[PDB]
Structure formats: C-alpha cells, structure tokens
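These notes concern the structure reproduced below.
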Amino acid sequence: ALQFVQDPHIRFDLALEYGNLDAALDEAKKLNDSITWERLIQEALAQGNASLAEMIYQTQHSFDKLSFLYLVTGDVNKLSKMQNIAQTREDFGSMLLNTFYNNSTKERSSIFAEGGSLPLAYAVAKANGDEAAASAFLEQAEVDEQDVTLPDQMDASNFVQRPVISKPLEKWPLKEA
Amino acid sequence: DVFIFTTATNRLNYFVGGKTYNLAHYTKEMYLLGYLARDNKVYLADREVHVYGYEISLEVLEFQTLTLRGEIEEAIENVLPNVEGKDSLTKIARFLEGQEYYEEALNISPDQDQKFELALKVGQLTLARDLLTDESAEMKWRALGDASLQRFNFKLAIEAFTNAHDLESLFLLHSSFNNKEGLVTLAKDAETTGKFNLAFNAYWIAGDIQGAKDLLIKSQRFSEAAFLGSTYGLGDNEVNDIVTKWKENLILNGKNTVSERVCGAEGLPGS
C-alpha cells in the first residue's frame, strides 16, 4: 500500500527497502531524477535484474553501459545495434568498444581507418592475417611497406571467451520468496 | 643585405628577407650611429649623445641572409665554420627550425632538447630514442611513441608508450597485436591507476576472464561478476562462489530478504 504514503521521494525510499522494484520504477518515471534513476539501476543490479538496468540505460542514453551489460549478459544480437548507434552518433570510442566486445577485428580496422589512424587500421588487419586490406591501408598511407617495424610477435584475436549459453540471461534466477 | 633599425617604440630590430627580428629595446629614444666591422657591434645614441653599443654576429646575419635567399648549403659550408660559441649556433638552429629546415637544424643545434624534438619531426626515430635515458619526461617518451606510430614503427611505439606509462595508447597496440601478457600487465596497471574501464577491456581482449571477474568483485559488482561467469562458462562451483559473495554482501548491506531469494548455479537455465 505505498500508493497512499505521502511523499514521492519517501515512496521511492520504501519501495527500495521492501525490494519492490515495480513501485520504485513508478516513482522513478515520475520523479524523473538523475540521482533517483541511478539508485534504481543500482537496486536492479543488486537483484540481478539486468532487464530493468537495460531499461533505465536506454532511456537515460548510457550506451556504453548498455553494451557492457549486453556483454556480460550474452546478448550477442543487441551488441551490434550498439554499433549502429555509436556510429550514427560520431563516437569512435564507442564503435571501437563494441568491437572489443564483438571481437569483430574487421570492423575495428575499418573504424581505425575513418578514425584517422591508418597505422592502427593496419596493425589490426595485419595481426589478424587480413593481408588484403592491410596493404590497401599501407598504400592509402603512402607507407614504404618495408619500413613497417612490426613487433617481434603478433597473434590474431582468438583469446576472447565466447558465450557458453544460448539465450541471453535477462534476469538472474530468484525465489518466489 | 640586412637592414638594422630603431623603432618608435624604442626597440632595436633588424630586417632581412622579409623577416623582422628583435635585437633589444631601451627606455630612451635611440638613434642608430653605425656598424663597426672591427668591434663587431652596432652603435646607437640618445638625444643627449650617450653612445651605446650592441654586439651582433656578422656570421649569423650572413647565414640568415643566405638561407632566406635559397642558398643554405652555401651558408652551411662557407659561413657556419666561422660561427663562434653555442649561443650563436643555437640562434641559427632555432632560426632554421623556424624555417622548416628541420634536417639541417638537427645538425647545427647544440641544445639536446631541441635535437630530440627535431629528430621526431624528420623521422630520425632511432636518433631520438638514443637521446632519452631514464630522461624523466614521460611526456617525451609519449611524443616518441606517437612519432613512431605515425611512421608505422610499432615496435618502437610499443617501447615508448610503455616507458611513458601511457596506458591508453599502449592498450591500442597490445590489443591490436593480441599480446596477452602486455594486455594483462596493462590491466593490473590500470587497476593501480583507477582506470577500471581500461582494465576490464584489457583483461577481456586478453581472454583473462578470471582477471575480469576479480576486477568486478573488487568493485562490489557481484551480480555482474555472476553474469560474466555463467555466460562465459566459468563453471558452477566457480559461479556459486560468486553467488555466495553476492549474497554475503547483500546481508552486510541489510538486504537479507533479497539475499535469500538469489539462486545458485542450479536455477540457471541449462547450465
């Protein structure tokens, strides 16, 4: 019966204490406070409710945090859409972050390209054996192709863990209690 | 060919090849008297006829005349041998730098700082490195790393950024060249520096799940550690320990009721 409690801020406080996330969101949507949303998200994460955290993240436009959640959550799919958003938004730091999570080194080399760093675009294509585009970079950069001092050793990006599960885990398992 | 002159503002300047250089400035109206090749100095005088003399380098003036005329080699082989002291050499060096002649300026300059800087400009990377020891300036090692990376010399960039302790740039290199030990070392470094995001990403690309997990735990982000753990098959025993800590933390924060509703690896759909 929080509906009748007097102050919206107090209602929010009680919802959180009773672990009532549904009521907390109602006070959150209205109170539309930056600090409030942050406390709610923190409460969602404490219960393992990634779905809610995602919800609050989208509306509050915190894409990089959205991407990180899709990562630990195994939401391979949604993780690409975050690329299209970080792209159509001019944020190289982000379109690049999603490639660290997607392990899409082909996109990453390309990102470094428009990113204004041919040397890195090259470094990626090279270590990942994409000999084709690597030269196109060298060419496009007017680089000797023989003065390119690579490190003693390289490796393609194969050390990255993969989703063991099938479907993303939207909420963590909780008892009826 | 070089016009020396006094200004209405009390300055003693000289003009050559369209350029104007300051020699000095006085607190009284000065009037140019003349130049004595013998004493190698200009002479001025105020209204009350007090004579002043300023020493100029005829060699330096001539070196400049030639350079701005498109005859620098001529200046380097004929005038430069008669230039005395490094104060004059440094002048010519900084004048040459201010003229895009980085190459030759590098050869003339006695000032080590300028040399290092000039070397980067002309791509003489090796020379530059072999010009910095434990030369504090991490800001110089970075400048060196950037220079090297610009000229596709990754091997050197990697060394520069490492000594420069520039974790952002080093991460771009080790992550591109999938150097697992570099990444893992950088992460630990990032943690020490509070660079929590960088650290996680370093551990991630390195494939160091265990490192990434512990990072999340040291930040009291237990649920997230649990997601990471189960999503990337760490194992039920493993996942359950994270859950146990997640639950203990909850109780320490007074959320006992929520603490007891949290399931272990069992409740996770098809482990």
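Order determines the names: the first chain of the structure tokens is A, the second B, and so forth; residues in each chain are numbered 1 upward, and ligands are numbered 1 upward as they are shown.
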
Mind checking which residues fall within 9 Å of residue 49 (chain A), counting only C-alpha atoms, ignoring those fewer than 3 positions away in the same chain, and posting them as a compact mmCIF listing (two decimals) with N, CA, C and O atoms, in the first residue's frame?
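Okay, out.txt is ready:
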# COMPACT_ATOMS: atom_id res chain seq x y z
N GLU A 43 19.76 -0.73 -7.63
CA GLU A 43 18.89 -1.70 -6.95
C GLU A 43 18.55 -2.87 -7.87
O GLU A 43 18.44 -4.01 -7.43
N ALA A 44 18.38 -2.57 -9.16
CA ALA A 44 18.09 -3.60 -10.14
C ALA A 44 19.27 -4.56 -10.20
O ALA A 44 19.10 -5.78 -10.13
N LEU A 45 20.47 -4.00 -10.31
CA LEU A 45 21.70 -4.80 -10.39
C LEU A 45 21.93 -5.63 -9.14
O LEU A 45 22.54 -6.69 -9.22
N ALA A 46 21.45 -5.16 -7.99
CA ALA A 46 21.63 -5.90 -6.75
C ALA A 46 20.78 -7.16 -6.74
O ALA A 46 21.10 -8.14 -6.07
N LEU A 52 15.78 -4.58 -16.20
CA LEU A 52 15.47 -3.24 -15.71
C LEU A 52 16.63 -2.27 -15.93
O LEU A 52 16.44 -1.17 -16.46
N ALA A 53 17.84 -2.67 -15.54
CA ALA A 53 19.02 -1.84 -15.73
C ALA A 53 19.11 -1.43 -17.21
O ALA A 53 19.41 -0.28 -17.52
N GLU A 54 18.85 -2.37 -18.11
CA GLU A 54 18.88 -2.09 -19.54
C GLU A 54 17.84 -1.03 -19.83
O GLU A 54 18.10 -0.06 -20.52
N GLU A 170 18.36 -12.43 -19.24
CA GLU A 170 17.77 -11.12 -18.96
C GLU A 170 17.60 -10.79 -17.48
O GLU A 170 17.69 -9.63 -17.08
N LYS A 171 17.32 -11.80 -16.67
CA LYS A 171 17.18 -11.59 -15.24
C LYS A 171 17.87 -12.75 -14.55
O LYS A 171 17.99 -13.83 -15.12
N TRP A 172 18.37 -12.52 -13.34
CA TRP A 172 19.02 -13.60 -12.64
C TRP A 172 17.92 -14.31 -11.86
O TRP A 172 17.02 -13.67 -11.33
N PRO A 173 17.97 -15.65 -11.81
CA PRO A 173 17.02 -16.53 -11.11
C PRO A 173 16.76 -16.17 -9.65
O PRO A 173 17.69 -16.15 -8.85
N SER B 223 26.72 -9.17 -8.93
CA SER B 223 25.75 -9.71 -9.87
C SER B 223 26.37 -9.75 -11.26
O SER B 223 26.25 -10.74 -11.98

Mind checking which residues fall within 8 Å of region 172-176 of chain B, counting only C-alpha atoms, ignoring those fewer than 6 positions away in the same chain, and posting them as an mmCIF file with C-alpha atoms, in the first residue's frame?
data_model
loop_
_atom_site.group_PDB
_atom_site.id
_atom_site.type_symbol
_atom_site.label_atom_id
_atom_site.label_comp_id
_atom_site.auth_asym_id
_atom_site.auth_seq_id
_atom_site.Cartn_x
_atom_site.Cartn_y
_atom_site.Cartn_z
ATOM 1 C CA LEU A 120 46.347 1.054 -36.251
ATOM 2 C CA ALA A 123 48.092 -3.244 -37.183
ATOM 3 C CA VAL A 124 44.692 -4.879 -36.802
ATOM 4 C CA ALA A 127 47.909 -9.477 -36.946
ATOM 5 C CA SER A 157 42.382 -12.177 -31.847
ATOM 6 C CA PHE B 154 55.057 -0.284 -33.935
ATOM 7 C CA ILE B 158 55.356 -0.053 -28.009
ATOM 8 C CA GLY B 182 51.021 -6.973 -22.469
ATOM 9 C CA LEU B 183 47.270 -6.697 -22.009
ATOM 10 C CA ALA B 202 42.389 -5.218 -21.360
ATOM 11 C CA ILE B 205 40.566 -8.953 -25.114
ATOM 12 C CA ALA B 206 43.418 -10.863 -23.447
#

Report as JSON lines the residues of chain B within 7 Å of chain A, each with its shortest atom pair and distance in Å (one decimal), using only C-alpha atoms, ordered by chain and increasing residue number.
{"residue": "B:149", "atom": "CA", "partner": "A:119", "partner_atom": "CA", "distance": 6.5}
{"residue": "B:150", "atom": "CA", "partner": "A:119", "partner_atom": "CA", "distance": 6.7}
{"residue": "B:152", "atom": "CA", "partner": "A:148", "partner_atom": "CA", "distance": 5.0}
{"residue": "B:153", "atom": "CA", "partner": "A:149", "partner_atom": "CA", "distance": 4.6}
{"residue": "B:154", "atom": "CA", "partner": "A:150", "partner_atom": "CA", "distance": 5.4}
{"residue": "B:155", "atom": "CA", "partner": "A:151", "partner_atom": "CA", "distance": 4.5}
{"residue": "B:176", "atom": "CA", "partner": "A:124", "partner_atom": "CA", "distance": 5.0}
{"residue": "B:177", "atom": "CA", "partner": "A:154", "partner_atom": "CA", "distance": 5.1}
{"residue": "B:178", "atom": "CA", "partner": "A:155", "partner_atom": "CA", "distance": 5.4}
{"residue": "B:179", "atom": "CA", "partner": "A:154", "partner_atom": "CA", "distance": 6.8}
{"residue": "B:204", "atom": "CA", "partner": "A:160", "partner_atom": "CA", "distance": 6.6}
{"residue": "B:205", "atom": "CA", "partner": "A:160", "partner_atom": "CA", "distance": 5.5}
{"residue": "B:206", "atom": "CA", "partner": "A:159", "partner_atom": "CA", "distance": 5.8}
{"residue": "B:207", "atom": "CA", "partner": "A:160", "partner_atom": "CA", "distance": 4.4}
{"residue": "B:223", "atom": "CA", "partner": "A:48", "partner_atom": "CA", "distance": 5.5}
{"residue": "B:224", "atom": "CA", "partner": "A:72", "partner_atom": "CA", "distance": 6.8}
{"residue": "B:227", "atom": "CA", "partner": "A:72", "partner_atom": "CA", "distance": 5.4}
{"residue": "B:228", "atom": "CA", "partner": "A:72", "partner_atom": "CA", "distance": 4.4}
{"residue": "B:231", "atom": "CA", "partner": "A:163", "partner_atom": "CA", "distance": 5.5}
{"residue": "B:232", "atom": "CA", "partner": "A:163", "partner_atom": "CA", "distance": 5.0}
{"residue": "B:233", "atom": "CA", "partner": "A:164", "partner_atom": "CA", "distance": 5.3}
{"residue": "B:258", "atom": "CA", "partner": "A:47", "partner_atom": "CA", "distance": 7.0}
{"residue": "B:261", "atom": "CA", "partner": "A:175", "partner_atom": "CA", "distance": 4.5}
{"residue": "B:262", "atom": "CA", "partner": "A:174", "partner_atom": "CA", "distance": 4.9}
{"residue": "B:263", "atom": "CA", "partner": "A:174", "partner_atom": "CA", "distance": 5.6}
{"residue": "B:267", "atom": "CA", "partner": "A:173", "partner_atom": "CA", "distance": 5.7}
{"residue": "B:268", "atom": "CA", "partner": "A:173", "partner_atom": "CA", "distance": 6.4}

What's the 8 Å shell around region 26-38 of chain A, counting only C-alpha atoms, without same-chain residues fewer than 6 positions away, as a ChimeraX atom specification?
/A:8-9,11-12,56

Give me, as an NGL selection string, all polymer residues having an atom no more than 9 Å from residue 213 (chain B), counting only C-alpha atoms and skipping those fewer than 5 positions away in the same chain.
:B and (200 or 208 or 218 or 222 or 224-226 or 228-229)

Go ahead and dump the residues you just picked, N, CA, C and O atoms, as a PDB file, in the first residue's frame.
ATOM      1  N   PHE B 200      39.250  -3.626 -17.430  1.00  0.00           N
ATOM      2  CA  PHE B 200      38.315  -4.659 -17.817  1.00  0.00           C
ATOM      3  C   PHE B 200      38.495  -5.002 -19.288  1.00  0.00           C
ATOM      4  O   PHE B 200      38.584  -6.173 -19.648  1.00  0.00           O
ATOM      5  N   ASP B 208      41.492 -12.997 -20.397  1.00  0.00           N
ATOM      6  CA  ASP B 208      41.676 -13.233 -18.971  1.00  0.00           C
ATOM      7  C   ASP B 208      40.382 -13.047 -18.184  1.00  0.00           C
ATOM      8  O   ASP B 208      40.213 -12.067 -17.456  1.00  0.00           O
ATOM      9  N   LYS B 218      36.142  -6.820  -6.869  1.00  0.00           N
ATOM     10  CA  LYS B 218      36.815  -5.823  -6.035  1.00  0.00           C
ATOM     11  C   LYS B 218      36.021  -4.519  -6.030  1.00  0.00           C
ATOM     12  O   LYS B 218      36.222  -3.670  -5.162  1.00  0.00           O
ATOM     13  N   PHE B 222      29.046  -7.739  -7.784  1.00  0.00           N
ATOM     14  CA  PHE B 222      28.855  -9.182  -7.750  1.00  0.00           C
ATOM     15  C   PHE B 222      27.879  -9.794  -8.745  1.00  0.00           C
ATOM     16  O   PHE B 222      28.169 -10.839  -9.335  1.00  0.00           O
ATOM     17  N   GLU B 224      27.054  -8.668 -11.613  1.00  0.00           N
ATOM     18  CA  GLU B 224      27.685  -8.561 -12.918  1.00  0.00           C
ATOM     19  C   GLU B 224      28.779  -9.610 -13.054  1.00  0.00           C
ATOM     20  O   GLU B 224      28.973 -10.172 -14.131  1.00  0.00           O
ATOM     21  N   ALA B 225      29.475  -9.896 -11.957  1.00  0.00           N
ATOM     22  CA  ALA B 225      30.515 -10.918 -11.983  1.00  0.00           C
ATOM     23  C   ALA B 225      29.833 -12.254 -12.278  1.00  0.00           C
ATOM     24  O   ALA B 225      30.325 -13.060 -13.065  1.00  0.00           O
ATOM     25  N   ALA B 226      28.688 -12.470 -11.642  1.00  0.00           N
ATOM     26  CA  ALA B 226      27.917 -13.691 -11.829  1.00  0.00           C
ATOM     27  C   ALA B 226      27.456 -13.871 -13.280  1.00  0.00           C
ATOM     28  O   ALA B 226      27.501 -14.982 -13.811  1.00  0.00           O
ATOM     29  N   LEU B 228      28.837 -12.542 -15.987  1.00  0.00           N
ATOM     30  CA  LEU B 228      30.037 -12.791 -16.758  1.00  0.00           C
ATOM     31  C   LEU B 228      30.447 -14.241 -16.585  1.00  0.00           C
ATOM     32  O   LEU B 228      30.736 -14.937 -17.560  1.00  0.00           O
ATOM     33  N   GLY B 229      30.456 -14.688 -15.332  1.00  0.00           N
ATOM     34  CA  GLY B 229      30.839 -16.048 -15.017  1.00  0.00           C
ATOM     35  C   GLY B 229      30.015 -17.117 -15.694  1.00  0.00           C
ATOM     36  O   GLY B 229      30.568 -18.007 -16.334  1.00  0.00           O
TER      37      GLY B 229
END

Residue 7 (chain B) surroundings by only C-alpha atoms, 9 Å radius, close-in-sequence under 2 positions cut, as a PDB file with N, CA, C and O atoms, in the first residue's frame:
ATOM      1  N   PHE B   5      67.644  48.508 -37.623  1.00  0.00           N
ATOM      2  CA  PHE B   5      66.933  49.751 -37.359  1.00  0.00           C
ATOM      3  C   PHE B   5      66.350  49.908 -35.969  1.00  0.00           C
ATOM      4  O   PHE B   5      66.193  48.938 -35.236  1.00  0.00           O
ATOM      5  N   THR B   9      58.998  52.611 -30.825  1.00  0.00           N
ATOM      6  CA  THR B   9      58.712  52.005 -29.533  1.00  0.00           C
ATOM      7  C   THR B   9      59.976  51.698 -28.730  1.00  0.00           C
ATOM      8  O   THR B   9      59.925  50.991 -27.723  1.00  0.00           O
ATOM      9  N   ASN B  10      61.109  52.219 -29.194  1.00  0.00           N
ATOM     10  CA  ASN B  10      62.388  52.035 -28.515  1.00  0.00           C
ATOM     11  C   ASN B  10      63.050  50.673 -28.690  1.00  0.00           C
ATOM     12  O   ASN B  10      63.897  50.283 -27.886  1.00  0.00           O
ATOM     13  N   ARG B  11      62.677  49.953 -29.739  1.00  0.00           N
ATOM     14  CA  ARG B  11      63.272  48.647 -29.987  1.00  0.00           C
ATOM     15  C   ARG B  11      64.387  48.713 -31.025  1.00  0.00           C
ATOM     16  O   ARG B  11      64.374  49.569 -31.907  1.00  0.00           O
ATOM     17  N   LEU B  12      65.351  47.806 -30.895  1.00  0.00           N
ATOM     18  CA  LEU B  12      66.459  47.687 -31.838  1.00  0.00           C
ATOM     19  C   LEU B  12      66.221  46.377 -32.582  1.00  0.00           C
ATOM     20  O   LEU B  12      66.445  45.303 -32.030  1.00  0.00           O
ATOM     21  N   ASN B  13      65.752  46.467 -33.823  1.00  0.00           N
ATOM     22  CA  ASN B  13      65.457  45.280 -34.632  1.00  0.00           C
ATOM     23  C   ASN B  13      66.291  45.240 -35.896  1.00  0.00           C
ATOM     24  O   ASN B  13      67.074  46.151 -36.163  1.00  0.00           O
ATOM     25  N   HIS B  25      65.729  46.387 -26.737  1.00  0.00           N
ATOM     26  CA  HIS B  25      64.828  47.510 -26.504  1.00  0.00           C
ATOM     27  C   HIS B  25      65.374  48.339 -25.347  1.00  0.00           C
ATOM     28  O   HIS B  25      65.941  47.810 -24.391  1.00  0.00           O
ATOM     29  N   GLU B  29      64.810  57.110 -26.352  1.00  0.00           N
ATOM     30  CA  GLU B  29      64.822  57.194 -27.806  1.00  0.00           C
ATOM     31  C   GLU B  29      66.253  57.030 -28.305  1.00  0.00           C
ATOM     32  O   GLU B  29      67.114  57.868 -28.024  1.00  0.00           O
ATOM     33  N   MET B  30      66.506  55.948 -29.035  1.00  0.00           N
ATOM     34  CA  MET B  30      67.837  55.686 -29.576  1.00  0.00           C
ATOM     35  C   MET B  30      67.876  55.992 -31.072  1.00  0.00           C
ATOM     36  O   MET B  30      66.869  55.875 -31.781  1.00  0.00           O
TER      37      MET B  30
END

Run DSSP on the backbone and grab whatever in chain A lands in helix (DSSP H, G or I); send it over as a PyMOL selection string.
chain A and resi 2-4+8-17+21-31+34-47+50-59+63-73+78-87+92-102+105-114+118-127+131-140

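With only C-alpha atoms as the atoms that count, the residue of A:20, A:102, A:51, A:110 with the shortest distance to residue 77 (chain A) is A:102.
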